[PDB]
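>>> Experimental structure below, sequence on top.
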Amino acid sequence: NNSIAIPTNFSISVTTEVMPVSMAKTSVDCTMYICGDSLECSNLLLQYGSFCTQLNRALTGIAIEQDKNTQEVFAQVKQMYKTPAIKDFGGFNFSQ
Amino acid sequence: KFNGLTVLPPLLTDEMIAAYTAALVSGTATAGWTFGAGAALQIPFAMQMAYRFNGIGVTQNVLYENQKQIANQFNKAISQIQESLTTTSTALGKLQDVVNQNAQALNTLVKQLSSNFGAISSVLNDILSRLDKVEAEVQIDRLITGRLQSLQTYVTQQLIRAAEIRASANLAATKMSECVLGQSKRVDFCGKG
Amino acid sequence: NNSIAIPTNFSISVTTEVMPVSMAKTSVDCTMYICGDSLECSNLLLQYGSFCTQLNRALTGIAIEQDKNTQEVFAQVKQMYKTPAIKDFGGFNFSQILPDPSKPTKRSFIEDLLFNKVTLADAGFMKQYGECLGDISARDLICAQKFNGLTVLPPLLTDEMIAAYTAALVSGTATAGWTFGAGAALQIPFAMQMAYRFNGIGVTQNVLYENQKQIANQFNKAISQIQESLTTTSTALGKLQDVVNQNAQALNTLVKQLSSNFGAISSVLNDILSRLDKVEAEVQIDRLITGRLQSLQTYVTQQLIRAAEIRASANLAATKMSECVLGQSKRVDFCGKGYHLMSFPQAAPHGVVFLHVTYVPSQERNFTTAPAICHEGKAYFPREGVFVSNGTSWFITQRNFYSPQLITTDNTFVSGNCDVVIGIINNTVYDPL
Amino acid sequence: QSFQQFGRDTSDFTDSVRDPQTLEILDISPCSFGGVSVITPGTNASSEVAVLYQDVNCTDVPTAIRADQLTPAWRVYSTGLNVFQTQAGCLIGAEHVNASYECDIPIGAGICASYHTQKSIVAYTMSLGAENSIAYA
Ligand SMILES: *[C@@H]1O[C@H](CO)[C@@H](O[C@@H]2O[C@H](CO)[C@@H](O)[C@H](O)[C@H]2NC(C)=O)[C@H](O)[C@H]1NC(C)=O
Ligand SMILES: *[C@@H]1O[C@H](CO)[C@@H](O[C@@H]2O[C@H](CO)[C@@H](O)[C@H](O)[C@H]2NC(C)=O)[C@H](O)[C@H]1NC(C)=O
Ligand SMILES: *[C@@H]1O[C@H](CO)[C@@H](O[C@@H]2O[C@H](CO)[C@@H](O)[C@H](O)[C@H]2NC(C)=O)[C@H](O)[C@H]1NC(C)=O
Ligand SMILES: *[C@@H]1O[C@H](CO)[C@@H](O[C@@H]2O[C@H](CO)[C@@H](O)[C@H](O)[C@H]2NC(C)=O)[C@H](O)[C@H]1NC(C)=O
Ligand SMILES: *[C@@H]1O[C@H](CO)[C@@H](O)[C@H](O)[C@H]1NC(C)=O
Ligand SMILES: *[C@@H]1O[C@H](CO)[C@@H](O)[C@H](O)[C@H]1NC(C)=O
Ligand SMILES: *[C@@H]1O[C@H](CO)[C@@H](O)[C@H](O)[C@H]1NC(C)=O
Ligand SMILES: *[C@@H]1O[C@H](CO)[C@@H](O)[C@H](O)[C@H]1NC(C)=O
Ligand SMILES: *[C@@H]1O[C@H](CO)[C@@H](O)[C@H](O)[C@H]1NC(C)=O
């Protein structure tokens, strides 16, 4: 109840944190996957068009969101400051 | 590519993402934290870093007495990071897992075409060549239903993974806005210290 | 390494942020969708009851969460503070956001402009059922949805009831300030409240008390610009419109998927029953039952994923409501691009709109700076702010606004000598005698 | 048309037919004429229920459920003395009170029902919260 700890020295630590941002955008075709080059199979597949427009809309919605994520994360500022010629800012080696 | 499964390229080029990250590093090195709230305000780096120690609880005199020591520690820490990023292959395992999951999903979607789904053959060519289509219509119906089910399963799993990636990207954007562009007091939000 | 930029003037900016909160609640019926009015199909459907209780439980769990989201976001405080009679709080014209007793509804003018932006072309809880006996031009999708067991349940909270919450929150933050969120309501004049809010940025208390008329004029001009901009652009509220369009498109696709025969000889069941005996007609019917069950499963899965995304958005909106309206914090770019983090909420069809009031520095002028001063062999570090030169003499001033001040002993503190520091200058320190 | 015998919807459901004798068009409607919600307390507590019909008027209830073709047990929930009209629709089986309590069973459109005190199901407008006033100066 009458003792305390006070530090007399310190240190500077750099830690790495890796985080995923986006993933691969994939597009599918109901033709030339389900039936291939076959008119007989393609004729019977015409009754399932609504089962394919949903898949195409879902994958396009995924792809536009994947394109939007990288836009959201990186482009916070719209001013592109050019790189300064020097790399030592008061003894701080920023060349790496 | 022969079975209609294609991968679209990303919009933003990596060498152009490099321009954004160089712009952010140059702005936080020269302007400091001011260029995010408003315009860019030039300020010497020693004064900016002394102000950053002032937001911790340490007085301004410590930096102005030990700037060379903290600069040497900072350079040593970057050198240690540089040395550690050339040996370990498990430092970046998350992105590798994402790529492997996408590749495995696509390969499984390709490999699932070998199931006949109760038809007398998996491929459609011998279905059409071996029978008249009076019953081969019934044969092709099962294959169509099975392939539609496989596509539905792949789309559902892709949607779930996209939602998880969206959550991770929102967290990354929050860390970009609060830790790179400025400094706050949230404990263990970005780094243990 | 010896030049600084200190701004000499500022500006007040109001920015809009729209966030979705909830979506439409949909209830389905396995009967009168899969089989219709057909006892023979209903007899074969009795073996698939567990495939229907799951869908009903999932949809009810979605609907309860949709009702809970609006409860979480808006009803932060349980005290309904009545609106004040006056609308001018020290020159701040609040009449554009508070309701006035001269209109049949209890919404504000900006809320009316927001409600006129979103078009509710889809229906389900305001269209009468007896209207569904029209002509060939009345064959619309809503009557087909109602005839096929697809119903839309109304939300629990009326929009006029949401308006009471938003008026109570705006009145509380206008009169009590930030105190009523943490504890009880504590009245305080608005000028000292805004002085305290300036004090949390880094700007001293004198600036508001000198320029409150100019600040009030900028605030009124910003609100007028928001009012003018909310009457022309149709893409400002695109998120809620996208949510409504997605729900309507999903329901219409679920209706239109009934035309597929799923490998049977016909899509409609009546000619299946009237053309063949039931021995093979049950074989024909089983394919249709399986296909319609698959369609229902797909619709429920997509609705669950969309409900999860809406839940994440509603959690973010509730966090912004708690941290930016009821108080002011220091998180960068959390609510608006700027320093000041004060906000006002407004209702919107299935959503909320936040108006963030931010402080931004505008007019710039460069200066010469020094880290510290060595007067008599001792360093004198500034207690707050930075050391600045006019060009011929030295002062101390805060970073966010240029108010030059004479360097005295109270503005600084002494620590160590002046030989360990880099770039120190020499000057004099005022000491009262 | 001149040769048409039956019309079709977008879901391939026949909605209108031509009478072969005394040629004219007749519309066909489903017997399951609407969506019905059942409002109940626990079965261990009581056995009385209320019935909510969606988007109909309380005049138009015993035409929208075909009350003449139903059992007399269903016929007491088609008309009666404790009928109420809400924005969601018609609520039959619970009386309406003027007070405002907390929400127990959320019916919809600002209405909540509870098994208040013999005990019976009542319907009321839900209370937003405690009314407060602050003196500004
Ligand atoms: C900053 O540190 C690096 C070491 O991390 C110093 O060495 C440079 O390293 C890079 C690659 O890491 C090479 O491309 C350079 O040619 C190296 N420079 C020299 C002089 O060997 C670098 O010198 C340091 N910066 C300063 C200004 O000293
Ligand atoms: C605090 O610790 C640091 C290192 O953790 C000390 O810095 C070292 O000091 C010795 C002798 O003074 C030098 O030989 C080393 O090169 C220094 N290391 C670095 C990285 O600069 C520092 O002296 C300690 N200070 C106190 C007061 O104990
Ligand atoms: C507050 O600003 C408004 C304009 O934004 C002033 O004008 C009022 O505008 C509302 C609708 O926006 C009308 O209903 C009022 O009739 C308008 N008032 C007048 C006098 O024209 C309003 O006057 C301002 N408040 C004060 C106290 O001056
Ligand atoms: C800071 O800027 C504001 C506006 O950005 C200036 O206010 C204007 O001042 C002129 C002349 O003083 C008036 O004609 C305008 O009507 C004012 N505008 C508003 C909105 O009030 C202000 O004068 C500037 N202050 C300094 C010190 O430069
Ligand atoms: C101050 O001087 C520097 C040096 O040329 C210049 O780059 C900067 O734009 C000046 N500031 C203003 C506000 O003009
Ligand atoms: C700068 O400030 C000093 C303070 O002593 C004042 O005398 C001078 O007039 C100011 N202006 C210029 C242009 O030096
Ligand atoms: C500041 O920079 C200039 C050139 O960039 C240099 O000549 C001068 O010595 C520097 N001053 C200090 C105190 O580092
Ligand atoms: C017989 O058919 C004619 C027209 O086809 C119709 O007008 C008539 O009502 C029918 N019945 C009798 C009893 O004639
Ligand atoms: C049902 O009541 C509403 C008002 O609640 C009214 O507008 C509508 O005309 C009524 N329906 C009929 C058929 O009269």
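Yes, it's here. Residues are numbered from 1 along each chain as shown, chains lettered A, B, ... in the order given. Ligands and ions are numbered 1, 2, ... in the order given.
>>> So which residues of chain D form strands?
D:6-8, D:14-18, D:25-27, D:36-39, D:50-54, D:83-85, D:89-92, D:95-96, D:105-108, D:111-114, D:122-125, D:130-132 (DSSP state E).
>>> ok and the residue in chain D nearest ligand 4?
residue D:136 (26.5 Å; C-beta to the nearest ligand atom). In this view, the C-beta of every residue, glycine as well, is placed from N, C-alpha and C.
>>> Now that residue: closest residue in space, sequence neighbours ignored.
Distances taken as C-beta to C-beta, 6 or more residues apart in numbering or on different chains place residue C:175 nearest to residue D:136, at 4.7 Å, with adjacent residues excluded.
>>> Just give me the neighbour total for the residue of chain D found nearest ligand 7.
Closest approach between chain D and ligand 7, counting by C-beta to the nearest ligand atom: residue D:136, at 55.3 Å. Applying other C-beta atoms under 10 Å in any protein chain shown, we find 16 residues neighbouring residue D:136.
>>> do the same with residue D:23
8.
>>> Look up how far chain C lies from it.
Distance of residue D:23 to chain C, given as C-beta to the nearest C-beta, to the nearest Å: 18 Å.
>>> Just want to check the distance between residue A:22 and residue B:172.
From residue A:22 over to residue B:172 the distance is 10 Å, taken as C-beta to C-beta, to the nearest Å.
>>> Who has more neighbours out of those two?
residue A:22 (22 against 18).
>>> what's the more buried one in contact with, if anything?
A:66-67, A:69-70, B:10, B:165, B:169 (C-beta atoms under 8 Å, 6 or more residues apart in numbering or on different chains).
>>> try 7 Å this time
A:66, A:69-70, B:165, B:169 (C-beta atoms under 7 Å, 6 or more residues apart in numbering or on different chains).
>>> Also residue D:83?
Counted by C-beta under 7 Å, 6+ apart, residue D:83 has contacts D:58, D:90, D:92.
>>> Arrange those residues in TSV, one row each, with distance to residue D:107 as further columns.
Formatted as TSV, the contacts of residue D:83 follow (distance: C-beta to C-beta, whole Å):
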residue	distance to residue D:107
D:58	15
D:90	12
D:92	12
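>>> Which secondary structure elements does the lengthiest helix in chain A sit against?
For chain A, the helix with the greatest residue count under DSSP state H is helix A:50-74. If you count contacts as 3 or more C-beta pairs under 7 Å, 6 or more residues apart in numbering or on different chains; DSSP states H and E, helix A:50-74 packs onto strand A:25-27, helix B:14-30, helix B:133-175, helix C:238-256.
>>> before we move on, the earlier item: now the residue of chain D closest to ligand 4, what are its backbone angles?
When read as degrees, to the nearest 10, the backbone of residue D:136 gives phi -100, psi 140.
>>> Just give me the residue right at the centre of chain A.
residue A:22 (1.9 Å; C-alpha atoms, centre = their mean).
>>> Repeat that for chain D.
Taking C-alpha atoms, centre = their mean, chain D has its central residue at residue D:53, 1.2 Å away.
>>> mind checking how far that one is from chain C?
Residue D:53 is 9 Å from chain C, by C-beta to the nearest C-beta.
>>> list the contacts for that residue?
Per C-beta under 7 Å, 6+ apart, neighbours of residue D:53: D:34, D:36, D:61, D:89-90.
>>> wait, residue D:126 sits on residue D:112?
Yes - contact criterion C-beta atoms under 7 Å: residue D:126 and residue D:112 qualify, at 4.3 Å.
>>> anything in contact with each of those two?
Common neighbours of residue D:126 and residue D:112 (C-beta under 7 Å, 6+ apart) are residue D:103.
>>> so which residue of chain D comes closest to ligand 5?
Using C-beta to the nearest ligand atom, the point where chain D gets nearest to ligand 5 is residue D:136, with a distance of 42.8 Å.
>>> Against residue C:213, how distant is that residue?
21 Å.
>>> again, but for residue D:76
For residue D:76 relative to residue C:213 (C-beta to C-beta), the value is 70 Å.
>>> Close to ligand 7: what parts of chain A are there?
Counting by C-beta under 6 Å from any ligand atom, no residue of chain A lies close to ligand 7.
>>> List the beta-bridge partners for residue D:36.
residue D:53 (DSSP bridges).
>>> surely it meets residue D:51?
Yes - with contact defined as C-beta under 7 Å, residue D:36 reaches residue D:51; the gap is 6.4 Å.
>>> Which residue of the two possesses the greater neighbour count?
Comparing residue D:36 with residue D:51 by other C-beta under 10 Å, the one with more neighbours is residue D:51, at 19 against 14.
>>> Excluding chain neighbours, what is closest to that one?
residue D:77 (4.7 Å).
>>> List the contacts of that neighbour.
Here residue D:77 is in contact with D:51, D:92-93 (criterion: C-beta under 7 Å, 6+ apart).
>>> of those residues, closest to residue D:45?
Using C-beta to C-beta, residue D:93 is the member of those that lies nearest residue D:45, at 15.6 Å.
>>> Please tell me how far the residue nearest to the centre of chain A sits from ligand 3.
44 Å (C-beta to the nearest ligand atom, to the nearest Å).
>>> For that residue, what are phi and psi?
phi -140, psi 170.
>>> Would you quantify the distance from it to chain C?
17 Å.
>>> Please apply the same query to residue D:48.
Following C-beta to the nearest C-beta, the distance that separates residue D:48 from chain C is 22 Å.
>>> what's the burial count for the residue lying closest to residue D:75 once chain neighbours are set aside?
In space, and not counting its chain neighbours, residue D:75 is closest to residue D:67: 5.4 Å by C-beta to C-beta, 6+ apart. By other C-beta under 10 Å, 17 other residues sit near residue D:67.
>>> Residue D:11 now?
19.
>>> residue contacts, the residue of chain D closest to ligand 4?
Counted by C-beta under 7 Å, 6+ apart, residue D:136 has contacts C:84, C:175, C:187.
>>> No further queries at this time; thank you.
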